[PDB]
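Below you'll find the structure, written out as C-alpha cells, and then a few comments.
Protein chains: 2
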Amino acid sequence: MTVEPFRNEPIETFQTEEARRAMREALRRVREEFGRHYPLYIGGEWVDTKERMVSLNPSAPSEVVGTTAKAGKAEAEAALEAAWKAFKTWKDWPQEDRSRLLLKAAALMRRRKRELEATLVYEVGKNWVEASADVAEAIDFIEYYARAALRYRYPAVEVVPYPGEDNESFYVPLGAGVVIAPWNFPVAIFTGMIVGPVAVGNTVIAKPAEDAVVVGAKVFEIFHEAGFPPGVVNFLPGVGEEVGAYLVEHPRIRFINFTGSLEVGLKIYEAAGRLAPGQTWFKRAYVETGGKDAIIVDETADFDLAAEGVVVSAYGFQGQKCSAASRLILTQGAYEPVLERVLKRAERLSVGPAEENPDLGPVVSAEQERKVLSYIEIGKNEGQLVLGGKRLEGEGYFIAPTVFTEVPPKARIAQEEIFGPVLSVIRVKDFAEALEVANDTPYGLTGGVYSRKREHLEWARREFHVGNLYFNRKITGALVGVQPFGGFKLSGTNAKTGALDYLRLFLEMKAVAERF
Amino acid sequence: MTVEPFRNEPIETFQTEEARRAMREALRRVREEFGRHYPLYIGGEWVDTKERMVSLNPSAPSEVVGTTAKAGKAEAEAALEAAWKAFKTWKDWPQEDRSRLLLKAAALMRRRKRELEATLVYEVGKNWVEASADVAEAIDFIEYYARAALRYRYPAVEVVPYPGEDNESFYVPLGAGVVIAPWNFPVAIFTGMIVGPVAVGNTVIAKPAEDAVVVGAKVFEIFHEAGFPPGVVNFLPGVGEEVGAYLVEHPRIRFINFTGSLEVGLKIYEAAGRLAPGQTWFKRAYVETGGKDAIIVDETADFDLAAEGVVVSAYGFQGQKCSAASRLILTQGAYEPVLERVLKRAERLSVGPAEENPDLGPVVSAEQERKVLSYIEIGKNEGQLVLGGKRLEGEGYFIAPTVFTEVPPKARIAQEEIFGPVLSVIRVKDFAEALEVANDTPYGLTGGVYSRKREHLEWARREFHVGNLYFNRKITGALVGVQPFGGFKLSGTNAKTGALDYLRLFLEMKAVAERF
Ligand code: NA
Ligand code: NA
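Chains as they are written, first to last, in the deposited numbering: chain B, 1 to 516; chain A, 1 to 516.
In C-alpha cells form, the structure reads like this:
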C-alpha cells in the first residue's frame with residue numbers, strides 16, 4: 001500500500017475569520033448536544049447500563065456536558081471475551097488491510113476536528129489552540145502508526161542464512177490488552193495508546209479517564225464508523241479503580257498500556273509482575289508516569305526568548321501536562337533578567353472560561369483544584385510566593401498563574417508533580433550546578449536549556465538525563481514522528497510514542513526453520 | 001569499523017585425527033588441573049574469600065574439578081559499586097571501541113576452544129560434540145553482538161524532520177545490572193547474557209550457576225585478558241539465593257537478565273515489578289524460563305529421518321535443554337512406525353563418563369538425578385514405561401534414555417519440565433489434534449514437525465505457538481544469527497538471543513531538539 005510520506009497535521013491557530021467562524025459553529029453544535037448519553041462500546045455495539053456517569057464543564061461545573069454508561073466487572077469480562085474472540089481473526093488480517101482501516105479512521109477524525117476540539121474545550125477546559133493541538137496529535141498517531149506498522153510486516157526480521165534451510169523470522173501480535181488513558185490528552189493519548197497495539201494485530205479494552213468520558217465516546221464513534229471488526233476496540237468508562245484493577249490483575253489480560261500518575265503507575269507495574277491464578281504468560285506493562293520538568297537558563301541566553309518559552313511551557317493547558325516546565329533553574333547571571341521577564345509575561349496571562357480562548361482555562365475538576373491549592377499552601381512554607389497563588393472568582397476551577405522563587409532544590413514543590421499552573425524558580429551558581437539540580441528528582445521526562453553557548457548545549461545533550469530535551473524552545477508539545485516521546489527513571493518505561501520503536505512493544509517474534 | 005560478515009563458528013565433530021589429538025591433550029590438561037581455585041572477579045581484580053564452593057565431576061562425583069571463592073551480600077555490594085563506577089565512563093566509549101573489545105574477547109575464546117570444551121566435559125558432563133557446540137555458540141554471541149551493537153550507534157533513530165530545528169534521537173545504555181546464568185549452557189548462555197548488555201554500554205554483575213562455577217571463571221579469565229575496564233564485568237559465584245535475591249531486589253540494580261527454571265523466573269519477574277525503597281526507575285527483567293517442547297510426526301513424514309531427529313532432540317546432553325523434545329506427538333498412522341524406530345535407535349545409545357564421548361554423559365548433579373528419577377516414578381503411574389526408566393551402575397549420575405508411551409496430554413510428565421532423558425509419547429487422531437495437544441501446555445519455547453505435507457507444515461507455521469519452530473529436523477541447537485532464540489507464554493519474555501532485537505532491550509532512547 002502506498003500513501004504520501006507522513007507529515008504532521010497542521011495545528012489550527014484561528015487567525016482567519018473562517019477558522020474562528022468554524023470554531024464557533026462547532027462550539028454551538030457541541031453545547032446543543034450536552035444532553036446526549038453515550039453507552040459502552042463492546043463487541044461492535046453500543047451497550048448501555050443502568051447506572052451512569054456525569055461529565056461536567058470545568059469552566060461552569062453546574063453544567064453537564066454529557067452522561068455515559070458505567071462499566072463494572074461484568075462488562076469488563078464481556079469486553080475481554082469479545083476482545084479475545086476478535087483477536088483470533090484480527091491477528092490474521094494482512095498488515096496492509098489493518099493499516100488501511102487506521103487511515104480511514106484518521107480521515108474520519110480529520111473531518112470532525114472542530115467538533116472534537118470544541119468537546120475538549122467544554123469537557124476538559126482546553127483553550128482553542130490546546131484543543132487543536134490535541135486533536136491534531138491524535139490524527140498524527142493514527143497516520144504515523146498506520147505507516148510504521150508496515151515496517152514490521154511478514155516476514156520482517158533480518159536473519160543469517162544457513163545451507164539447505166529456509167530460516168524465517170516474523171512478528172506476531174500479543175493478544176487482548178487494556179488501555180488506561182489520561183484526562184489531559186483525552187483525544188491524542190487516548191487514541192495513540194489504542195491504535196498503536198491495534199495496528200499490528202492486538203485487540204484493546206480502553207478505559208477513558210473519568211473527566212473525559214464524553215470525548216472518549218466520540219473517538220469511539222469514529223472507530224465504529226471506520227468499521228473496526230467487533231471486539232477489536234472496546235470502550236469502558238468507569239468510576240474509581242473497579243474496572244482498571246479487574247483487568248490489570250486478570251489472568252487473561254495480555255498487556256497493559258497506561259498513562260497517568262506515578263502512584264497508579266507503580267501499582268500497575270507491580271501487579272503486572274505477578275502471575276494471577278491460571279495465567280499462562282508474563283504480562284507486559286507500558287507506563288508513562290509524569291515528570292518534574294525543568295528549564296535551565298544561563299547568562300548567555302536570549303532572555304526574552306527564554307521567558308516566552310518558560311511561560312508557554314509552565315502555563316500551557318494550565319500546567320496540566322506531564323511535559324510542563326514546573327521548575328525554572330537560573331544561573332546567577334541569568335536570575336534577575338530572566339525572572340523579571342517571566343513575571344511580566346505571566347502577570348498578563350488571562351484566565352477564564354475555556355471557550356473564550358483565554359491563555360488559561362480552569363483546572364479540570366474540584367479534586368485537581370484541591371490538590372493544586374494544597375501544593376500552593378505547602379509552597380508558601382518552602383519558597384517565596386511572588387505571583388498568583390490563588391483561586392479566581394467564579395464557579396469554574398480558575399487558578400492564577402503562580403510563581404515561587406528561592407525554592408530549595410529538595411523542597412516538596414521542587415520534587416513533587418503538582419500538575420497545575422505553578423512554577424518553582426531555583427537559583428544556582430553555574431551551568432554544572434544547573435545540571436545537578438535538573439537531574440536530582442525521581443523523574444526524567446522533559447527538560448530544556450536556553451543558552452547560546454555551544455559547549456553548554458552539547459553538555460546537556462549528554463548529561464541532562466531526560467527522555468525529551470529541547471534547546472532554545474518550549475519543552476512541551478512533542479510532535480509525533482519528529483520527537484519520540486517518553487522518559488527515564490520514574491517518568492516510566494521509556495515506551496517512545498510517535499516512534500517506530502513503539503509498535504515493537506506490542507509484538508513477539510517467531511523463528512521458523514525448514515530443512516529441505 | 002569493518003570486519004568480515006558474520007558466520008557461525010563451525011562445531012567440531014572430532015572425525016579427524018588432528019581434532020581427536022587436540023581434544024585428548026585438552027582433556028588431559030584440564031584433568032591435570034583438577035583442584036584449582038578460582039577467586040571472585042570484582043572491579044578488574046581477582047578477589048578471594050574465606051568460604052569456598054566446590055565443583056564436582058558429575059561423571060565421578062568424588063572428583064573435585066575445582067573450587068571457587070563464595071560471594072555474599074558484601075561482595076555483591078562491592079561489585080555493584082564497581083559496576084556503577086565503571087558505567088560512568090564505559091557508557092561514553094565509542095561503540096566501535098566497545099565492539100572491538102568484544103572481537104578481541106572472541107579471538108581469545110577461539111584460541112582456548114579445546115580447553116573450554118574439556119572443562120565442560122568434566123564440570124557439567126557434556127560429551128565432546130555438545131561441549132564443542134556450547135563453546136562455539138559463546139563465540140557466536142560475542143561475534144554477533146559486537147556487529148549488531150553498531151546498528152544502534154549514535155544517532156541511530158529514524159525521525160521526521162521539522163523546519164528550523166535539528167531533531168536527534170539516539171540510544172543510551174541503562175546502567176549496571178545482574179546476570180543469573182544457567183548450568184546447562186554455562187559458556188554459551190553465560191557469555192551471551194553478559195556481553196549483549198555490556199556491548200552497548202551497560203555494566204554487569206554475573207552470577208554463574210553453582211554447578212558450573214569453574215567454566216564461568218575461565219570465561220572471566222578471557223574477559224580480564226581482553227581488557228574490559230575495571231567494574232565493567234564482575235563474577236560472583238555463590239551458594240543458594242543470597243547473592244541473586246540481594247541483587248534482584250536492590251534499589252540500585254537497573255536490569256536483570258535471567259535464564260533458568262520457571263519457578264525462579266516467576267519470583268524474579270514479580271520482584272522486578274516492585275519499587276524497592278529509594279529505587280528511582282522501573283526495573284527491566286528479561287527471563288527465559290524453559291519449555292515442554294514437542295515434535296509432531298504425521299503419517300506423511302520420513303519416519304527414519306523423524307526418529308533420528310527425535311532421538312537427538314530428546315537425548316542430546318541428557319535432555320537437559322530448555323529446547324529438548326520431551327514430548328513426541330504421533331498421529332494414528334505415524335504411531336507404530338515412528339515409535340518402533342525411536343525405540344530401536346534409543347536402545348542403542350551409549351551412556352558413560354563424559355570424557356569417553358558417550359552418546360549420553362551423566363545428569364549434572366545428585367539433586368538433578370533425584371528429580372529426574374522422581375518424575376520417572378510419577379510417569380510409571382501416568383503412562384506406559386517402554387524403555388529405560390532407571391539409574392545405571394556407577395558413582396556418576398547416569399540415567400538410561402527413558403520412554404513413556406500412551407501418555408495422557410494432561411499428565412504431569414506431559415506438562416512439567418523434567419530436564420532429563422525422559423521422552424513422553426502421546427498418540428493422537430490427526431494433525432489438528434496434534435496441534436491442539438502441542439499447544440496445550442503453559443510453555444512455548446521450541447517445537448518441531450516432521451511431515452511431507454505442505455499444508456500441514458504451513459498450518460504449523462501459523463498455529464504451532466512456539467518461539468522456535470523447526471520442520472523436518474531437530475528442534476535443539478538454535479544457531480546465533482540464523483534462529484533468534486526465545487519463547488512465548490511461560491517460556492519467558494521472548495527476549496530473542498542471537499538477534500538484532502536483543503540489544504534493544506538494554507537501551508533507552510533520548511530525543512533532543514534544537515531550534516536554531
Ligand atoms: Na469534565
Ligand atoms: Na560441577
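Virtual Cβ for every residue (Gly too), placed ideally from N, Cα, C.
ask   = Is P5/B near ligand 1, going by C-beta to nearest heavy atom under 7 Å?
value = Here residue 5/B is taken as the residue at index 5 of the first sequence, counted from 1. Answer for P5/B: no, Cβ out of range of ligand 1.
task = Taking 8 Å as the cut-off, decide whether the C-beta atoms of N468/B and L305/B are in contact.
result = On the first sequence, residue 468/B is found 468 positions in, with the first residue counted as 1. On the first sequence, residue 305/B is found 305 positions in, with the first residue counted as 1. No.
request  = Compute the Euclidean distance between the alpha carbons of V407/B and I329/B, then round it to the nearest angstrom.
outcome  = Counting from one through the first sequence, the residue named residue 407/B turns up at place 407. Counting from one through the first sequence, the residue named residue 329/B turns up at place 329. In a straight line, the C-alpha of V407/B is about 10 Å away from that of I329/B.
ask   = So, is the C-beta of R21/B closer than 8 Å to a C-beta in chain A?
value = Start at 1 with the first residue of the first sequence, and residue 21/B comes out as number 21. No, because no Cβ of chain A sits closer than 8 Å to the Cβ of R21/B.
task = Would you check if there are 3 or more beta carbon pairs closer than 8 Å linking the stretch 90 to 105 of chain B to the stretch 150 to 160 of chain B?
result = yes
query = Mind pulling the alpha helix (DSSP H) runs of 4 or more residues that sit fully within the stretch 99 to 142 of chain A?
reply = 113 to 124
inquiry  = Here's the rule I'm using: 16 or more other beta-carbon atoms within 10 Å means buried, otherwise exposed. How should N381/A be labelled?
reply    = The sequence position of residue 381/A within the second sequence is 381, counting from 1. Classification of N381/A: exposed, given that the 10 Å Cβ count is below 16.
inquiry  = Let me check you understand the geometry: is the CB of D134/B closer than 7 Å to at least one non-hydrogen atom of ligand 1?
reply    = Taking the first residue of the first sequence as 1, we reach residue 134/B at position 134. No, the Cβ of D134/B stays beyond 7 Å of every heavy atom of ligand 1.
task = Run down chain B in chain order and give the residues with a C-beta less than 9 Å from the C-beta of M193/A.
result = The residue you call residue 193/A lines up with position 193 of the second sequence. Within chain B, no residue comes near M193/A; the closest Cβ sits about 17 Å away, beyond 9 Å.
query = What residue range is occupied by the uninterrupted beta strand (DSSP E) comprising residue 518/B?
reply = Within the shown structure, residues of chain B are numbered from 1 to 516, placing residue 518/B beyond reach of any answer.
Beta-bridge pairing of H456/B - partner residues as DSSP gives them = Position 456 of the first sequence, counted from the first residue, corresponds to residue 456/B. According to DSSP, which records beta bridges pairwise, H456/B is partnered with nothing at all.
task = Let me know the secondary structure DSSP gives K218/A once reduced to three states.
result = Counting from one through the second sequence, the residue named residue 218/A turns up at place 218. Residue state, collapsed to three classes: helix.
ask   = Across which residues does DSSP place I399/B in a beta bridge pair?
value = Position 399 of the first sequence, counted from the start, is the residue given in the question as residue 399/B. Answer is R391/B, bridged to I399/B.
request  = Find the nearest neighbour of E45/B within the set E17/B, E225/B and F185/B, judged by alpha-carbon distance.
outcome  = Mapped onto the first sequence, residue 45/B falls at position 45. Comparing Cα positions, the closest option is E225/B.
ask   = Whose C-alpha, out of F34/A, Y41/A and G72/A, is nearest the C-alpha of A60/A?
value = The count along the second sequence starts at 1 and reaches residue 60/A at position 60. Per the Cα distances, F34/A.
ask   = Can you tell me whether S169/B is buried or exposed, with buried defined as 16 or more other CB within 10 angstroms of its CB?
value = Taking the first residue of the first sequence as 1, we reach residue 169/B at position 169. Answer is buried; the Cβ neighbour count reaches 16.
request  = Please specify which runs of the alpha helix (DSSP H), each continuous and at least 4 residues long, are wholly inside the stretch 328 to 364 of chain B, giving them in chain order.
outcome  = 332 to 346
message = For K496/A, would you say it is in contact with chain B, using Cβ-to-Cβ distances shorter than 8 Å as the test?
response = In the second sequence, residue 496/A corresponds to position 496, counting from 1. With 8 Å as the cut-off, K496/A counts as an interface residue toward chain B.
key: Contact belief for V372/B with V422/B at Cβ below 8 Å, rounded distance in angstroms   = In the first sequence, residue 372/B corresponds to position 372, counting from 1. In the first sequence, residue 422/B corresponds to position 422, counting from 1. With a Cβ gap of about 7 Å, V372/B and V422/B count as contacting.
key: For review: beta carbons within less than 6 Å of any heavy atom in ligand 1   = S55/B, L56/B, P58/B, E123/B, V124/B and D211/B
Span of the alpha helix (DSSP H) around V243/B = As a first step, residue 243/B must be located in the first sequence, where it is residue number 243. Where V243/B is concerned, the enclosing alpha helix (DSSP H) stretches over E242 to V248.
ask   = Which of helix, strand or coil does DSSP assign to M53/B?
value = Here residue 53/B is taken as the residue at index 53 of the first sequence, counted from 1. The answer is strand: DSSP assigns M53/B an E or B state.
query = Are the stretch 108 to 115 of chain B and the stretch 256 to 263 of chain B touching, with three or more C-beta to C-beta distances below 8 Å?
reply = no
ask   = Can you give the Cα-Cα distance for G265/A and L445/A, rounded to whole angstroms?
value = In the second sequence, residue 265/A corresponds to position 265, counting from 1. In the second sequence, residue 445/A corresponds to position 445, counting from 1. Taking the straight line from one Cα to the other gives about 15 Å.
query = Just to confirm, does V239/A get its C-beta within under 7 Å of one of the non-hydrogen atoms of ligand 2?
reply = The sequence position of residue 239/A within the second sequence is 239, counting from 1. Not so, every heavy atom of ligand 2 lies at least 7 Å from the Cβ.
ask   = Which bits of chain B does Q483/A rub up against, with CB to CB less than 7 Å?
value = In the second sequence, the residue the question calls residue 483/A occupies position 483. Those are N167, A511 and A513, listed as they occur along chain B.
inquiry  = For a contact defined as C-beta to C-beta under 8 Å, what are the partners of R274/B on chain A?
reply    = Within the first sequence, numbered from 1, the residue matching residue 274/B stands at position 274. Going along chain A in sequence order, the residues near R274/B (Cβ under 8 Å) are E270 and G273.
task = Consult DSSP for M1/B and reduce its assignment to one of helix, strand or coil.
result = Counted from its first residue, the first sequence places residue 1/B at position 1. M1/B falls in the coil class under three-state DSSP.
message = Just checking: is the beta-carbon of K88/B within a distance shorter than 8 Å of some beta-carbon in chain A?
response = Within the first sequence, residue 88/B is the residue found at index 88, counting from 1. For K88/B, the answer is no, since every Cβ of chain A falls outside 8 Å of its Cβ.
query = Of all Cβ atoms in chain B, is any one closer than 8 Å to the Cβ of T16/A?
reply = Here residue 16/A corresponds to residue number 16 of the second sequence, with the count starting at 1. For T16/A, the answer is no, since every Cβ of chain B falls outside 8 Å of its Cβ.
Buried/exposed call for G164/B, threshold 16 Cβ in 10 Å = The sequence position of residue 164/B within the first sequence is 164, counting from 1. That one is exposed.
message = Check whether chain B comes within 8 Å of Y162/A, counting only Cβ atoms and requiring the distance to be less than that.
response = To locate residue 162/A, count along the second sequence from 1; it is residue 162. Chain B contact via Cβ: present.
Chain A contacts made by the stretch 197 to 215 of chain B, where a contact means CB separation under 8 Å = none
Residue span of the alpha helix (DSSP H) that contains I194/A, given as start and end = As a first step, residue 194/A is located in the second sequence; it is residue number 194 there, counting from the start. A188 to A199 is the extent of the alpha helix (DSSP H) around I194/A.
inquiry  = Pop quiz: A271/A and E288/A are said to be a contact at Cβ under 8 Å. What is the actual Cβ separation, rounded to whole angstroms?
reply    = The count along the second sequence starts at 1 and reaches residue 271/A at position 271. The count along the second sequence starts at 1 and reaches residue 288/A at position 288. Actually they do not touch by this definition, with Cβ atoms about 17 Å apart.
inquiry  = Comparing C-alpha positions only, which one of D359/B, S326/B, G319/B and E355/B sits nearest to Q368/B?
reply    = On the first sequence, residue 368/B is found 368 positions in, with the first residue counted as 1. When only C-alpha atoms are compared, the closest one is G319/B.
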